[PDB]
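The next block holds one structure in the form of structure tokens; read it before the comments.
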Amino acid sequence: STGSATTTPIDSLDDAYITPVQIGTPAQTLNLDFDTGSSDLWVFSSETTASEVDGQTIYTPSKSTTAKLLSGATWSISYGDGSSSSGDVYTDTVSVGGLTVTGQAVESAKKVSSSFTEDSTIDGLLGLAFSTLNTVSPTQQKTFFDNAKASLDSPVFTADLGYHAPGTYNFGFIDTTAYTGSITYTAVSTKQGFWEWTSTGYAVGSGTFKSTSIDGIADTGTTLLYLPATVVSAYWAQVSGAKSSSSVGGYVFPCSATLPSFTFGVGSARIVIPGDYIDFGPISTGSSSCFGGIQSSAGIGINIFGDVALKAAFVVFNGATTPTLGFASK
């Protein structure tokens, strides 16, 4: 089996991407944030505190003939941006782009933090990291991908995120029309539950490539590219007037600037992030100070190849017994 679904930016900055997901019988379609950096599929629901729902589409288990309470199970998660959610658990039928899993754990939110309430376009998250990070207790649950894996033509999914445009998540096959050149595959460590890999270096604009190992995670659920302070400093030093602002919470640059590209290494291959991808617009409406898409990971504790990096590539998440990551230009 295979699945294929379109994923759409939630706003003009590509702050996140939503993909339609069918849950239950009859289908209830919710727009979820596919997150390769976490492993819970959770939704706004009929059980979510009413004051904490503002515009989202909710899952109502009582209206699904295939929904069953997973008795005793609870979940609670906190994300790297400080947001959180928690609740109880149902199993139900979940389909993505024609691909159906029966008995999928659907985590129903009783509580969500304000960040989630305030984002009307996101009805929940669909985790695609490794199932060892799943927060369901006392019985940990598998991700959608893990459940689908054995039925898939090939045990892979791919992320093809668009720049200010729709893109695609595919399950179970690699679309050879979707990228240019070859896919370069690189080793993954699952030791921390993430799609964790080591980039072989970087270049700023038309500068020479610096060979240096950068351990990081491929995370579709993070907006920006977070790299070591040395690297990020070398990048922003090439932008006139750029500076790190503690008041704003990272590097800003004059909106009149033209940004250089950023290149990262995948083995002997290179992925180029166009400078435009690194522009996240005025820090506040009408401001002439713009927020940078490359930021320091110092104090996160991990480097994150978020959407800024991933949307410059066709990315294969290979969940074979020995998992790997593949990157191609597109």
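Each chain in the structure tokens gets a letter, A, B, ..., in the order shown, and its residues are numbered from 1; ligands are numbered from 1 in order too.
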
Strand (DSSP E or B) per DSSP on the backbone: members of region 80-307 of chain A, as a PyMOL selection string: chain A and resi 84-96+99-112+124-127+137+156-160+167-171+184-187+189+196-204+210-218+225-227+243-245+250-254+262-266+269-273+279-282+289-292+294-296+303-305

Taking a cut-off of 8 Å and counting only C-alpha atoms, can you build a table that, for each residue of region 279-301 of chain A near region 242-263 of chain A, reports the nearest atom pair and how far apart they are in Å (one decimal), sorted by chain then residue number, as JSON lines?
{"residue": "A:279", "atom": "CA", "partner": "A:259", "partner_atom": "CA", "distance": 7.6}
{"residue": "A:281", "atom": "CA", "partner": "A:255", "partner_atom": "CA", "distance": 7.3}
{"residue": "A:282", "atom": "CA", "partner": "A:255", "partner_atom": "CA", "distance": 7.1}
{"residue": "A:283", "atom": "CA", "partner": "A:248", "partner_atom": "CA", "distance": 7.7}
{"residue": "A:288", "atom": "CA", "partner": "A:255", "partner_atom": "CA", "distance": 5.3}
{"residue": "A:289", "atom": "CA", "partner": "A:254", "partner_atom": "CA", "distance": 5.0}
{"residue": "A:290", "atom": "CA", "partner": "A:255", "partner_atom": "CA", "distance": 5.2}
{"residue": "A:291", "atom": "CA", "partner": "A:252", "partner_atom": "CA", "distance": 4.6}
{"residue": "A:292", "atom": "CA", "partner": "A:252", "partner_atom": "CA", "distance": 5.5}
{"residue": "A:294", "atom": "CA", "partner": "A:251", "partner_atom": "CA", "distance": 7.8}
{"residue": "A:295", "atom": "CA", "partner": "A:250", "partner_atom": "CA", "distance": 6.4}
{"residue": "A:296", "atom": "CA", "partner": "A:250", "partner_atom": "CA", "distance": 7.6}

Give me, as a Markdown table, the closest atom pair and its distance (Å, one decimal) for every residue of region 237-289 of chain A within a cut-off of 12 Å of region 200-211 of chain A, counting only C-alpha atoms, rows sorted by chain and rising number.
| residue | atom | partner | partner_atom | distance |
| --- | --- | --- | --- | --- |
| A:237 | CA | A:204 | CA | 9.8 |
| A:238 | CA | A:204 | CA | 8.0 |
| A:239 | CA | A:205 | CA | 10.5 |
| A:258 | CA | A:205 | CA | 11.0 |
| A:259 | CA | A:205 | CA | 8.5 |
| A:260 | CA | A:205 | CA | 4.7 |
| A:261 | CA | A:205 | CA | 4.6 |
| A:262 | CA | A:204 | CA | 4.9 |
| A:263 | CA | A:203 | CA | 4.9 |
| A:264 | CA | A:202 | CA | 4.3 |
| A:265 | CA | A:200 | CA | 4.7 |
| A:266 | CA | A:200 | CA | 5.9 |
| A:267 | CA | A:200 | CA | 5.8 |
| A:268 | CA | A:200 | CA | 7.6 |
| A:269 | CA | A:200 | CA | 8.9 |
| A:270 | CA | A:202 | CA | 8.4 |
| A:271 | CA | A:202 | CA | 9.2 |
| A:272 | CA | A:203 | CA | 8.9 |
| A:273 | CA | A:205 | CA | 9.4 |
| A:274 | CA | A:205 | CA | 8.8 |
| A:275 | CA | A:205 | CA | 8.2 |
| A:276 | CA | A:205 | CA | 12.0 |

Give me a file of those residues, with N, CA and C atoms, as a tab-separated table (two decimals), in the first residue's frame.
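Result went into again-v1.tsv, see below:
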chain	number	residue	atom	x	y	z
A	237	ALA	N	27.22	37.37	9.68
A	237	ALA	CA	28.30	38.34	9.44
A	237	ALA	C	28.34	38.78	7.98
A	238	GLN	N	27.72	38.01	7.09
A	238	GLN	CA	27.67	38.38	5.68
A	238	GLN	C	26.45	39.22	5.31
A	239	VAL	N	25.63	39.58	6.29
A	239	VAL	CA	24.47	40.43	6.06
A	239	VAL	C	24.68	41.78	6.73
A	258	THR	N	19.57	41.86	1.07
A	258	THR	CA	19.48	40.66	0.26
A	258	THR	C	20.28	39.58	0.97
A	259	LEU	N	19.62	38.48	1.29
A	259	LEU	CA	20.27	37.42	2.05
A	259	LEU	C	21.05	36.48	1.15
A	260	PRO	N	22.22	36.03	1.62
A	260	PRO	CA	22.99	35.00	0.91
A	260	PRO	C	22.35	33.64	1.12
A	261	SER	N	22.62	32.72	0.20
A	261	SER	CA	22.18	31.35	0.40
A	261	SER	C	22.97	30.71	1.53
A	262	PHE	N	22.51	29.53	1.95
A	262	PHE	CA	23.21	28.71	2.92
A	262	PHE	C	23.24	27.29	2.41
A	263	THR	N	24.43	26.70	2.37
A	263	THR	CA	24.59	25.34	1.87
A	263	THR	C	24.90	24.40	3.04
A	264	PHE	N	24.25	23.24	3.09
A	264	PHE	CA	24.66	22.24	4.08
A	264	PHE	C	25.04	20.93	3.39
A	265	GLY	N	25.96	20.20	4.02
A	265	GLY	CA	26.47	18.97	3.43
A	265	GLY	C	25.69	17.75	3.86
A	266	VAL	N	25.44	16.89	2.88
A	266	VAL	CA	24.90	15.56	3.10
A	266	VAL	C	25.91	14.64	2.44
A	267	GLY	N	26.76	14.01	3.24
A	267	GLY	CA	27.87	13.25	2.68
A	267	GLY	C	28.63	14.15	1.74
A	268	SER	N	28.90	13.67	0.53
A	268	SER	CA	29.63	14.47	-0.46
A	268	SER	C	28.71	15.41	-1.24
A	269	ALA	N	27.41	15.35	-0.97
A	269	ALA	CA	26.44	16.15	-1.69
A	269	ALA	C	26.19	17.45	-0.94
A	270	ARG	N	25.48	18.36	-1.60
A	270	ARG	CA	25.24	19.71	-1.07
A	270	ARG	C	23.80	20.09	-1.31
A	271	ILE	N	23.16	20.64	-0.29
A	271	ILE	CA	21.82	21.21	-0.43
A	271	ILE	C	21.91	22.70	-0.24
A	272	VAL	N	21.40	23.46	-1.22
A	272	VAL	CA	21.43	24.91	-1.15
A	272	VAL	C	20.07	25.47	-0.75
A	273	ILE	N	20.08	26.18	0.38
A	273	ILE	CA	18.95	26.97	0.84
A	273	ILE	C	19.04	28.38	0.24
A	274	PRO	N	18.09	28.75	-0.63
A	274	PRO	CA	18.15	30.11	-1.17
A	274	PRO	C	17.99	31.14	-0.09
A	275	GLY	N	18.63	32.29	-0.26
A	275	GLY	CA	18.52	33.35	0.71
A	275	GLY	C	17.10	33.75	1.06
A	276	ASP	N	16.20	33.78	0.07
A	276	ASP	CA	14.80	34.14	0.32
A	276	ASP	C	14.16	33.23	1.38

Spatial neighbours of residue 22 (chain A), max dist 8 Å, only C-alpha atoms, sep filter under 2 positions, as a PyMOL selection string: chain A and resi 20+24+27-30+94-96

Kindly provide the residues of region 80-165 of chain A that approach region 40-61 of chain A to within 9 Å, each paired with its closest atom pair and their distance in Å to one decimal, based on only C-alpha atoms, listed by chain and increasing number, as a tab-separated table.
residue	atom	partner	partner_atom	distance
A:85	CA	A:42	CA	8.6
A:86	CA	A:42	CA	8.6
A:87	CA	A:48	CA	8.2
A:89	CA	A:42	CA	8.7
A:90	CA	A:61	CA	7.6
A:92	CA	A:61	CA	8.5
A:104	CA	A:41	CA	8.8
A:105	CA	A:41	CA	7.1
A:106	CA	A:41	CA	5.8
A:107	CA	A:42	CA	4.2
A:108	CA	A:43	CA	5.4
A:109	CA	A:48	CA	5.3
A:110	CA	A:48	CA	4.1
A:111	CA	A:48	CA	5.8
A:112	CA	A:52	CA	6.6
A:113	CA	A:52	CA	7.7
A:114	CA	A:52	CA	7.2
A:116	CA	A:52	CA	8.3
A:117	CA	A:52	CA	5.4
A:118	CA	A:54	CA	6.9
A:119	CA	A:56	CA	8.0
A:120	CA	A:55	CA	4.9
A:121	CA	A:56	CA	6.4
A:122	CA	A:56	CA	6.7
A:123	CA	A:56	CA	5.4
A:124	CA	A:43	CA	4.2
A:125	CA	A:41	CA	5.5
A:126	CA	A:41	CA	4.2
A:127	CA	A:40	CA	4.8
A:128	CA	A:40	CA	8.0
A:129	CA	A:40	CA	8.7
A:131	CA	A:40	CA	8.3
A:133	CA	A:40	CA	8.0
A:134	CA	A:40	CA	5.5
A:135	CA	A:40	CA	6.8
A:136	CA	A:40	CA	8.0
A:141	CA	A:40	CA	8.2
A:142	CA	A:40	CA	8.3
A:143	CA	A:40	CA	6.7
A:144	CA	A:41	CA	7.7

Can I get the selection written as a PDB file, in the first residue's frame, with C-alpha atoms?
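The resulting file, out_28.pdb, is shown below:
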ATOM      1  CA  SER A  85      -0.983  19.478  25.545  1.00  0.00           C
ATOM      2  CA  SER A  86      -2.443  16.488  27.386  1.00  0.00           C
ATOM      3  CA  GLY A  87      -5.441  14.199  27.532  1.00  0.00           C
ATOM      4  CA  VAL A  89      -6.600   8.161  24.244  1.00  0.00           C
ATOM      5  CA  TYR A  90      -8.857   6.478  21.727  1.00  0.00           C
ATOM      6  CA  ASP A  92      -9.720   4.582  15.710  1.00  0.00           C
ATOM      7  CA  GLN A 104      -4.272   3.874  15.545  1.00  0.00           C
ATOM      8  CA  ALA A 105      -3.853   5.632  18.872  1.00  0.00           C
ATOM      9  CA  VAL A 106      -5.644   8.987  18.568  1.00  0.00           C
ATOM     10  CA  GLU A 107      -4.713  11.121  21.547  1.00  0.00           C
ATOM     11  CA  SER A 108      -7.589  13.364  22.526  1.00  0.00           C
ATOM     12  CA  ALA A 109      -6.626  16.697  24.079  1.00  0.00           C
ATOM     13  CA  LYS A 110      -8.293  17.725  27.329  1.00  0.00           C
ATOM     14  CA  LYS A 111      -5.852  20.636  27.669  1.00  0.00           C
ATOM     15  CA  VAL A 112      -3.742  22.630  25.205  1.00  0.00           C
ATOM     16  CA  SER A 113      -1.428  25.581  25.824  1.00  0.00           C
ATOM     17  CA  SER A 114      -2.254  29.024  24.492  1.00  0.00           C
ATOM     18  CA  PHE A 116      -2.184  25.873  20.163  1.00  0.00           C
ATOM     19  CA  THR A 117      -5.439  27.685  20.990  1.00  0.00           C
ATOM     20  CA  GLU A 118      -4.167  30.761  19.168  1.00  0.00           C
ATOM     21  CA  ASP A 119      -3.397  28.838  15.993  1.00  0.00           C
ATOM     22  CA  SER A 120      -6.804  28.268  14.403  1.00  0.00           C
ATOM     23  CA  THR A 121      -5.350  26.486  11.386  1.00  0.00           C
ATOM     24  CA  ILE A 122      -3.808  23.533  13.248  1.00  0.00           C
ATOM     25  CA  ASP A 123      -6.223  20.861  14.527  1.00  0.00           C
ATOM     26  CA  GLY A 124      -3.513  18.653  15.995  1.00  0.00           C
ATOM     27  CA  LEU A 125      -0.149  17.004  15.393  1.00  0.00           C
ATOM     28  CA  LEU A 126       0.793  13.708  13.686  1.00  0.00           C
ATOM     29  CA  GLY A 127       4.127  12.528  15.034  1.00  0.00           C
ATOM     30  CA  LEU A 128       6.605  10.820  12.722  1.00  0.00           C
ATOM     31  CA  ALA A 129       9.656  10.418  14.958  1.00  0.00           C
ATOM     32  CA  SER A 131       7.740   5.431  18.685  1.00  0.00           C
ATOM     33  CA  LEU A 133       9.279   9.035  22.151  1.00  0.00           C
ATOM     34  CA  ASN A 134       5.529   8.443  22.384  1.00  0.00           C
ATOM     35  CA  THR A 135       4.181   9.837  25.653  1.00  0.00           C
ATOM     36  CA  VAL A 136       1.168   7.559  26.163  1.00  0.00           C
ATOM     37  CA  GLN A 141       1.766   3.643  21.520  1.00  0.00           C
ATOM     38  CA  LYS A 142       3.113   3.435  17.952  1.00  0.00           C
ATOM     39  CA  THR A 143       3.150   6.234  15.389  1.00  0.00           C
ATOM     40  CA  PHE A 144       0.979   6.175  12.263  1.00  0.00           C
TER      41      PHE A 144
END

Interatomic distance, CA of residue 17 (chain A) to CA of residue 317 (chain A) (Å, one decimal):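 One can read the CA of residue 17 (chain A) to CA of residue 317 (chain A) distance as 17.4 Å.
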
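Across region 67-298 of chain A, DSSP run on the backbone finds alpha helix (DSSP H) at residues 114, 115, 116, 117, 118, 144, 145, 146, 147, 148, 229, 230, 231, 232, 233, 234, 235 and 236 of chain A.
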
Region 299-305 of chain A environment, 8 Å, only C-alpha atoms, sequence neighbours closer than 3 positions dropped, as JSON, numbers by chain: {"A": [80, 214, 215, 216, 217, 218, 219, 222, 224, 225, 226, 227, 228, 308, 309, 310]}

Export N, CA, C and O atoms of the chosen residues as a compact mmCIF listing (two decimals), in the first residue's frame?
# COMPACT_ATOMS: atom_id res chain seq x y z
N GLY A 80 9.63 21.86 22.18
CA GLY A 80 10.80 22.70 22.34
C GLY A 80 10.54 24.20 22.35
O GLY A 80 11.40 24.98 22.78
N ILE A 214 28.23 18.30 11.86
CA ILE A 214 27.14 18.92 12.60
C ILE A 214 26.04 17.90 12.86
O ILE A 214 25.28 17.56 11.96
N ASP A 215 25.96 17.43 14.10
CA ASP A 215 24.90 16.49 14.51
C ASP A 215 23.58 17.23 14.69
O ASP A 215 23.52 18.19 15.43
N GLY A 216 22.53 16.77 14.04
CA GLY A 216 21.25 17.45 14.15
C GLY A 216 20.08 16.54 13.82
O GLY A 216 20.27 15.40 13.39
N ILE A 217 18.87 17.04 14.01
CA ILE A 217 17.69 16.24 13.68
C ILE A 217 16.92 16.85 12.53
O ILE A 217 16.85 18.07 12.38
N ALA A 218 16.35 15.98 11.71
CA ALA A 218 15.45 16.40 10.65
C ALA A 218 14.07 16.53 11.26
O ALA A 218 13.46 15.53 11.63
N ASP A 219 13.57 17.77 11.37
CA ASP A 219 12.34 18.03 12.13
C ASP A 219 11.34 18.90 11.37
O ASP A 219 11.45 20.13 11.37
N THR A 222 9.53 21.89 13.25
CA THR A 222 10.22 23.12 13.65
C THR A 222 10.34 24.02 12.43
O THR A 222 10.69 23.57 11.35
N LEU A 224 12.32 26.87 11.77
CA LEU A 224 13.61 27.43 11.38
C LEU A 224 14.76 26.44 11.43
O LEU A 224 14.57 25.28 11.81
N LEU A 225 15.94 26.91 11.03
CA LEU A 225 17.18 26.12 11.02
C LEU A 225 18.03 26.55 12.22
O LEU A 225 18.43 27.71 12.29
N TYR A 226 18.28 25.63 13.15
CA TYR A 226 19.03 25.95 14.37
C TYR A 226 20.37 25.24 14.35
O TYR A 226 20.43 24.01 14.31
N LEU A 227 21.45 26.02 14.37
CA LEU A 227 22.79 25.47 14.17
C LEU A 227 23.73 26.05 15.22
O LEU A 227 23.35 26.97 15.93
N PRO A 228 24.94 25.49 15.35
CA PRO A 228 25.86 26.03 16.37
C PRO A 228 26.15 27.51 16.19
O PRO A 228 26.20 28.04 15.07
N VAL A 308 13.02 25.37 7.21
CA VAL A 308 13.88 26.23 6.40
C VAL A 308 14.85 25.39 5.59
O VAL A 308 15.05 25.62 4.41
N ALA A 309 15.46 24.39 6.22
CA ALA A 309 16.37 23.49 5.52
C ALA A 309 15.64 22.45 4.71
O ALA A 309 15.96 22.21 3.55
N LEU A 310 14.67 21.81 5.33
CA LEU A 310 14.02 20.66 4.69
C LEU A 310 13.25 21.04 3.42
O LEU A 310 13.21 20.26 2.47

Skip residue 151 (chain A) itself and residues of its chain fewer than 4 positions away, then list as an mmCIF file with N, CA and C atoms, in the first residue's frame all residues within 12 Å of it, counting only C-alpha atoms.
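After the write, out.cif holds the following:
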data_model
loop_
_atom_site.group_PDB
_atom_site.id
_atom_site.type_symbol
_atom_site.label_atom_id
_atom_site.label_comp_id
_atom_site.auth_asym_id
_atom_site.auth_seq_id
_atom_site.Cartn_x
_atom_site.Cartn_y
_atom_site.Cartn_z
ATOM 1 N N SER A 1 0.841 -1.229 0.000
ATOM 2 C CA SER A 1 0.000 0.000 0.000
ATOM 3 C C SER A 1 0.860 1.256 0.000
ATOM 4 N N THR A 2 0.251 2.374 -0.388
ATOM 5 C CA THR A 2 0.932 3.664 -0.377
ATOM 6 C C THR A 2 -0.074 4.724 0.015
ATOM 7 N N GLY A 3 0.420 5.899 0.388
ATOM 8 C CA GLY A 3 -0.445 7.054 0.586
ATOM 9 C C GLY A 3 0.246 8.286 0.046
ATOM 10 N N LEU A 99 -4.058 6.043 2.509
ATOM 11 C CA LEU A 99 -3.413 4.991 3.293
ATOM 12 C C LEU A 99 -4.116 4.875 4.624
ATOM 13 N N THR A 100 -4.602 3.677 4.959
ATOM 14 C CA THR A 100 -5.423 3.479 6.147
ATOM 15 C C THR A 100 -4.746 2.609 7.201
ATOM 16 N N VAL A 101 -4.749 3.094 8.438
ATOM 17 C CA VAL A 101 -4.346 2.302 9.596
ATOM 18 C C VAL A 101 -5.557 2.080 10.477
ATOM 19 N N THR A 102 -5.827 0.834 10.843
ATOM 20 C CA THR A 102 -6.844 0.568 11.841
ATOM 21 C C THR A 102 -6.180 0.457 13.220
ATOM 22 N N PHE A 144 1.665 6.543 13.502
ATOM 23 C CA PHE A 144 0.979 6.175 12.263
ATOM 24 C C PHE A 144 1.914 5.442 11.297
ATOM 25 N N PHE A 145 3.140 5.947 11.144
ATOM 26 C CA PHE A 145 4.092 5.361 10.204
ATOM 27 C C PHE A 145 4.499 3.975 10.676
ATOM 28 N N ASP A 146 4.799 3.845 11.960
ATOM 29 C CA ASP A 146 5.151 2.539 12.509
ATOM 30 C C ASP A 146 4.037 1.518 12.294
ATOM 31 N N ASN A 147 2.796 1.924 12.511
ATOM 32 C CA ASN A 147 1.672 1.015 12.316
ATOM 33 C C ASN A 147 1.513 0.660 10.845
ATOM 34 N N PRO A 155 9.256 0.611 3.279
ATOM 35 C CA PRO A 155 9.052 1.204 4.608
ATOM 36 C C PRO A 155 9.634 2.612 4.740
ATOM 37 N N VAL A 156 9.069 3.542 3.982
ATOM 38 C CA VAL A 156 9.586 4.903 3.894
ATOM 39 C C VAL A 156 8.441 5.883 3.880
ATOM 40 N N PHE A 171 3.808 8.171 1.488
ATOM 41 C CA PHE A 171 4.073 7.013 2.330
ATOM 42 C C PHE A 171 4.198 5.784 1.466
ATOM 43 N N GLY A 172 5.311 5.088 1.637
ATOM 44 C CA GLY A 172 5.475 3.796 1.014
ATOM 45 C C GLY A 172 6.099 3.776 -0.357
ATOM 46 N N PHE A 173 6.437 4.937 -0.903
ATOM 47 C CA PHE A 173 7.105 4.981 -2.192
ATOM 48 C C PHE A 173 7.894 6.263 -2.371
#

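With only C-alpha atoms as the atoms that count, the minimum distance from residue 220 (chain A) to the choices A:16, A:183, A:67, A:21 is reached by A:16.
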
Near-residue 72 (chain A) list (9 Å; only C-alpha atoms; drop same-chain fewer than 3 positions) as a list in words: residues 69, 88, 89, 137 and 138 of chain A

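Distances to residue 38 (chain A) were evaluated for A:130, A:277, A:185, A:235 using only C-alpha atoms, and the minimum falls at A:130.
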
Distance criterion (only C-alpha atoms): nearest to residue 197 (chain A) out of A:5, A:32, A:325, A:174: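 Of A:5, A:32, A:325, A:174, the one nearest residue 197 (chain A), counting only C-alpha atoms, is A:325.
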
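The spacing separating CA of residue 154 (chain A) from CA of residue 181 (chain A) amounts to 21.0 Å.
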
Computed interatomic separation between CA of residue 278 (chain A) and CA of residue 186 (chain A) (Å): 24.4 Å

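Every protein or nucleic acid residue with an atom no more than 10 Å from residue 190 (chain A), counting only C-alpha atoms and leaving out same-chain residues fewer than 3 positions away, appears here: residues 129, 130, 132, 187, 193, 194, 195, 196, 197, 322, 323 and 324 of chain A.
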